[PDB]
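Trainee: Sequence, then the experimental structure. Questions to follow.
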Amino acid sequence: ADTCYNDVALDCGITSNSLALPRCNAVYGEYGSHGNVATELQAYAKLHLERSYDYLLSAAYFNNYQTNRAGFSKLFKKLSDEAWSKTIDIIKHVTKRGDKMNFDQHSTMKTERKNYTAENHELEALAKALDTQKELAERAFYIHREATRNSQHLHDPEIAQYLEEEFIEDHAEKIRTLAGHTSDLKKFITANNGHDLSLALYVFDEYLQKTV
Amino acid sequence: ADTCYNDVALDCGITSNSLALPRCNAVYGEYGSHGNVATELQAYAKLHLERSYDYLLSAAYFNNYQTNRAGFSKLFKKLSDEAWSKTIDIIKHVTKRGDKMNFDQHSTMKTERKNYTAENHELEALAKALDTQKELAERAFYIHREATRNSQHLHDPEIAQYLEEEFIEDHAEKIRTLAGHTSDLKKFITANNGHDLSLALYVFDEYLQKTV
Amino acid sequence: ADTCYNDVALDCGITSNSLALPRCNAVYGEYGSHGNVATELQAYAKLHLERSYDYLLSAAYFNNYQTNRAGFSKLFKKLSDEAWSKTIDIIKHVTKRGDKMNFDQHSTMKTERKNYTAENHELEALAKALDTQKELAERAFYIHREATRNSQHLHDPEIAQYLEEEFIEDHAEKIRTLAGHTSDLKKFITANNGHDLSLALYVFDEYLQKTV
Amino acid sequence: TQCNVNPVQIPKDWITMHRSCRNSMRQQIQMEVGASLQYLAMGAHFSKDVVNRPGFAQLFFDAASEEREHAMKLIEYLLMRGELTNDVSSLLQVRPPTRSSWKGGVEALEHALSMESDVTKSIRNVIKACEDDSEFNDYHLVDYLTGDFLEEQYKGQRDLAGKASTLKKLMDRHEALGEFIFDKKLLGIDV
Amino acid sequence: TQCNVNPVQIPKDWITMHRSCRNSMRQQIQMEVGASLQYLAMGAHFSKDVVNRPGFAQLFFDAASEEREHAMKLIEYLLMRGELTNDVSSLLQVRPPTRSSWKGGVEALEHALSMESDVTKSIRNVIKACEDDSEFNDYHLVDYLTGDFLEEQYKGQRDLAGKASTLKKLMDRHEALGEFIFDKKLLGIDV
Amino acid sequence: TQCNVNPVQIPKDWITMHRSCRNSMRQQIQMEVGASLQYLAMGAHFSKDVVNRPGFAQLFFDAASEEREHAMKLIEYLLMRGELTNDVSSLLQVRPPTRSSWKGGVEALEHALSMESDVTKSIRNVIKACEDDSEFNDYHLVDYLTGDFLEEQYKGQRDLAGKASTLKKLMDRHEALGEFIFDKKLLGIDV
Ligand SMILES: [Ca+2]
Ligand SMILES: [Ca+2]
Ligand SMILES: [Fe+3]
Ligand SMILES: [Fe+3]
Ligand SMILES: [Fe+3]
Ligand SMILES: [Fe+3]
């Protein structure tokens, strides 16, 4: 059983001429040794980073003079700021657990390839926001399962509790909110032959300005 | 892979004459598709609803002029109010996750059938309260296991964390408190041939008024 | 199905001459009946108790007139006080769940035997603190796994959430902090042939006084 | 073993409610509970992601809690009069409500108005039973039901009727936007 | 590799404790720790659901923490005098306490009184060793043990003796109710 | 189904930016984003347990967020001028940064200084493109880039250059202690 104390005893001996101390790091519970939890967490920071900029572009698009939807723009700006903040938080968690961030790490979770386009009408934009938030949420479920269930030799409840507290609880609220927005728009489009659509989009945008 | 965005692209086409958008809802992690977690959560709201009214009747019984135990009545009124509040909270969680509440949903957990009677002497009433709280607690353990362990294709840590935070932590405190009350009454009944029983029940009820 | 209510009905009968009430306790979810979770929790209180006094001796050693490292002493005093406080908290949790504390309970987790010595130079002391905190953290991982994964008939998310909230989250921070301290000392020892070591230890101790 | 104290008896002449009145009160208690359960189902319906009317959801969850309070007030009245020393377990029965879905806010408001209208009629029948018993006119309970319960009923009906009229006028051409705005107004939000 | 700094030496004439006194202090430190562990076991016992005396549990957990503080004060005294530059690891040993169950509050209070009485006698023996060493009368340590430690001991014994007398008088006919009330009074609760 | 509103057109004479200037601004936006990603990697490096320089980590995470704000300010300027009604998706691309490790704080500070120096030169080139277009001298944007962006650049370069000089002087004989103290000073901690 290698320990940091034993590494010190060995290397601090007059016989030694170095001080490697490989066990004197923050790694415990074999974090990073078994399973894919460590690399998946790095890829999760990368997903938040990419989405933060996708949301930023949507916020910009809704703030052009033709669309001019301050409420939709505010909704996306908030999603962007939150994803940017989470990117940094995950990077710090990766290093807190004794690993190092690799910005080119890929996830093993088989996820289809669909480019994010910022130029969308209101319903399309909310639908894409809903899909991307569900993807972030299901990725957290995947990492959580990898940490506490998929590998016989890996059990990391620290990562599980971190995901539960910092990601999982709030994902349900965001997804429910976005799903509700798509239902509202769907009704504006279909009821009474969609006759109130333009006034409804204006009223809905004003509502977002007050509630986002 | 069906997504809300793809449903919008298809239905918002000039070819379409409807806007179903089946994937534009708050369902993710296949909630409700595999396992019994979704139906068990609905049945859990139903159990709290039924118990809230059982506790309310016990609170009423202890407030009749013959029993007149304000402390016991307050204990049951608090249990009733908490169970009523949890009923609404669970219903809201069921809908937050994209499902709908069904008030006739039954649990699969094999639980014996024992009618709740409100007319009881003090020890009997506390014993029944203890048993019903243990049942609520074990039902939470069951749903938690169904969400994260029993089904190979179902892993829902959002439901697990919700149960951990909103139900599981507090159940241990309530059960320990009620178990302690039954121990106190047991001693009043058995020590010194139970000679101090009537004075002890009065003193104990006054104690409940100050601590519930 | 034995219940506290049924025990009361039986024992409070004119036929009875006793009041055992074996089911009127705080035990639920078969806590203590299957698996090793109950005994492991007791052994965990014992580990914290032993470590609290080991840390106390290190705090004393660094406060002798020759070492006179107030920062190192403060670091160990804090670790000691926290471990003492956790010892009492775990004992209370053991009894909250209806069990009783046994101070001679041993853990099944195969852990090597290495006496804790308080007389150490700075790097050695931090290395040992790091190793003992990793041991406390991995023991929590072990109990957590025993409660929710290792035994088919045992699922206790109350113990799991208790460990997650009261131990697991904070262990990562402490271990990362201690690992960082060993890295700093390693550099003081190796850079520029270790020429700045004595001044660096003084500066580092002053830094600990401000940040512990 | 003796787990309870031998009961004592005190004077009972002060306990005066008569059977017909007491039975009507017991039936009213079950009716209030039934109303609380039906309102819970309305709250659940408007909470669905595909309905998404949080204003209506809150309105009906609040109504459910209020009906539960009405049941508790009637129970407290019986206890004050010296009743419910037994027959407490049979006072209530929780059962799934009859309806669980509504086409929109107007249908739910009209259903609520009809439920309240039924409760008002039932309370007036409790008053009749309690006042007209040839052996005992229960002046105090009649007064309590009239001044407290009916007061709440009439104000509540007028409130629901007005909400239904206002929203229904918007349905022929503004079903979606009209209900959306009305729903946010229920939350105190002027869009 | 050189991981530590070559030690330096400063004047040592100020370091004056003698061996017999120092050894008695080391033994007292272990005794205080042993007392803290025995009090932890009392706290654990009264915390059990089947015993349920939270007042007694808190009383003994508080006593356990206080004994730990006593051990720390003795260690700090030795450090102030220039001792413990070595032989620190052997100062203490944590072992399971001898007793883990008590019949009731009276037995625990009487056991605590006896433990305190033993500690008082042991401190008086440390004082004797430190004062009567023919080569060095340690005036300051004797004064510290007498004015601080014995002061706490005598007040503590009187407190425990009074609690034991008061509760024991209730045991011949009021074991359950007497202990229940006494226990809540320990929490500052007048039922 | 008609899910969107038929677009409307309003006067466009007020939209005056020319192509060369607009394209240089779009390229600058990508450059700011690239800088934010490179600073994130520096923050990540100094956050490692084996590097452990929290002062440097915070300095670079703060710089990453500031570069993201610079990108947002340039995007807002284009939007104010009537641009980005299309071609928004192609504005940015997130890619892994080129460098992920540095030998120490000095190497990272010198790399940051060089990155800032490159950004300053690039902004001056945007200014040239926007000012010297023979068909349209964009006075306002040139002024904005000069008074806001270049102001931040020159102050930032001087700050980084000073930090690099100060720390580098400590490297020939005090690499570990010098960087340790400097790192804590970045956190406002005087050891
Ligand atoms: Ca878990
Ligand atoms: Ca948790
Ligand atoms: Fe939490
Ligand atoms: Fe009512
Ligand atoms: Fe002591
Ligand atoms: Fe910039």
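Mentor: Ah, there it is. Numbers count the residues shown, from 1 in each chain, chains lettered A, B, ... in the order given. Ligands and ions are numbered 1, 2, ... in the order given.

Trainee: drop to CA atoms for contacts and neighbour counts, all remaining ones
Mentor: Will do.

Trainee: Nearest spatial neighbour of whatever residue of chain A ends up closest to ligand 2, chain-adjacent residues omitted?
Mentor: When scored by C-alpha to the ion, chain A has residue A:161 as its residue closest to ligand 2, at 5.0 Å. Leaving aside its chain neighbours, residue A:161 sits nearest to residue C:164 (6.3 Å; criterion: C-alpha to C-alpha, 6 or more residues apart in numbering or on different chains).

Trainee: can you count the residues close to that neighbour?
Mentor: Residue C:164 is flanked by 22 other residues according to other C-alpha atoms under 10 Å in any protein chain shown.

Trainee: And for residue D:142?
Mentor: Other residues within reach of residue D:142 by the criterion other C-alpha under 10 Å amount to 19.

Trainee: quick one: it from residue D:130, how far?
Mentor: For residue D:142, the distance to residue D:130 equals 6 Å [C-alpha to C-alpha, to the nearest Å].

Trainee: is chain B contacted by the host helix or strand of residue D:36?
Mentor: Here residue D:36 is covered by helix D:19-47, with elements defined by DSSP states H and E. Yes. Helix D:19-47 is in contact with chain B by C-alpha under 8 Å from any C-alpha of the partner chain, via D:40, D:41, D:44, D:45, D:47.

Trainee: how many neighbours does the residue of chain A closest to ligand 2 have?
Mentor: Using other C-alpha under 10 Å, residue A:161 has 21 other residues around it.

Trainee: so it touches residue C:162, yeah?
Mentor: No. With contact taken as C-alpha atoms under 8 Å, residue A:161 and residue C:162 are classed as non-touching, separated by 11.1 Å.

Trainee: Could you pull up the residues touching residue A:190?
Mentor: Contacts for residue A:190 (C-alpha atoms under 8 Å, 6 or more residues apart in numbering or on different chains) come out as B:18, B:19.

Trainee: element containing it, please.
Mentor: Short version, using DSSP H and E: residue A:190 is in helix A:169-190.

Trainee: now the angle between helix D:19-47 and that helix, please.
Mentor: With axes from the mean of the first three to the mean of the last three C-alpha atoms, to 10 degrees as the criterion, the two stretches helix A:169-190 and helix D:19-47 enclose an angle of 80 degrees.

Trainee: list the buried ones in helix A:169-190?
Mentor: Burial within helix A:169-190, assessed by neighbour count using 16 or more other C-alpha atoms under 10 Å in any protein chain shown, is assigned to A:169, A:171-172, A:174-190.

Trainee: swap in stretch D:131-144?
Mentor: For stretch D:131-144, the neighbour count (16+ other C-alpha under 10 Å) marks D:131, D:137, D:138, D:141, D:142 as buried.

Trainee: Check whether residue A:10 sits in a helix, strand or coil.
Mentor: Applying DSSP: H, G, I helix; E, B strand; the rest coil to residue A:10 yields a three-state assignment of helix.

Trainee: Count residues in the vicinity of the closest residue to it other than its chain neighbours, would you?
Mentor: By the measure of C-alpha to C-alpha, 6+ apart, the closest residue to residue A:10 outside its immediate chain neighbours is residue A:16, 7.4 Å from it. Other residues within reach of residue A:16 by the criterion other C-alpha under 10 Å amount to 11.

Trainee: Apart from its chain neighbours, what residue comes closest to the residue in chain D that chain C sits nearest to?
Mentor: Closest to chain C within chain D is residue D:1: 4.7 Å, counting by C-alpha to the nearest C-alpha. Beyond its immediate neighbours in the sequence, the residue positioned closest to residue D:1 (C-alpha to C-alpha, 6+ apart) is residue C:12, lying 4.7 Å away.

Trainee: for the one you found, phi and psi?
Mentor: Dihedral angles of residue C:12 (phi, psi; degrees, to the nearest 10) stand at phi -90, psi 10.

Trainee: how much space between the residue in chain D that chain F sits nearest to and residue A:180?
Mentor: For chain D, the nearest residue to chain F under the criterion C-alpha to the nearest C-alpha is residue D:176, separated by 14.4 Å. Between residue D:176 and residue A:180 the computed distance is 13 Å (C-alpha to C-alpha).

Trainee: Also residue A:33?
Mentor: If you go by C-alpha to C-alpha, the gap between residue A:33 and residue A:180 works out to 42 Å.

Trainee: can you tell if stretch D:62-81 touches chain B?
Mentor: Yes. With C-alpha under 8 Å from any C-alpha as the criterion, chain B is reached by stretch D:62-81 at D:75, D:76, D:79, D:80.

Trainee: Let's check: the centremost residue of chain A is which one?
Mentor: The C-alpha lying nearest the average C-alpha coordinate of chain A belongs to residue A:48 (C-alpha atoms, centre = their mean; 4.1 Å).

Trainee: Surely it touches residue A:83?
Mentor: Yes. With the criterion set as C-alpha under 8 Å, residue A:48 and residue A:83 qualify as a contacting pair; they are 5.2 Å apart.

Trainee: Which stretches in chain A count as helices?
Mentor: According to DSSP state H, chain A carries its helices in the segments A:4-11, A:37-61, A:70-96, A:122-148, A:157-163, A:169-190, A:197-211.

Trainee: Is it possible to get JSON lines of those helices that adds distance to residue D:7?
Mentor: Formatted as JSON lines, the entries for the helices of chain A read as follows, by distance: least, C-alpha to C-alpha, whole Å:
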{"stretch": "helix A:4-11", "distance to residue D:7": "72"}
{"stretch": "helix A:37-61", "distance to residue D:7": "66"}
{"stretch": "helix A:70-96", "distance to residue D:7": "65"}
{"stretch": "helix A:122-148", "distance to residue D:7": "57"}
{"stretch": "helix A:157-163", "distance to residue D:7": "54"}
{"stretch": "helix A:169-190", "distance to residue D:7": "53"}
{"stretch": "helix A:197-211", "distance to residue D:7": "60"}
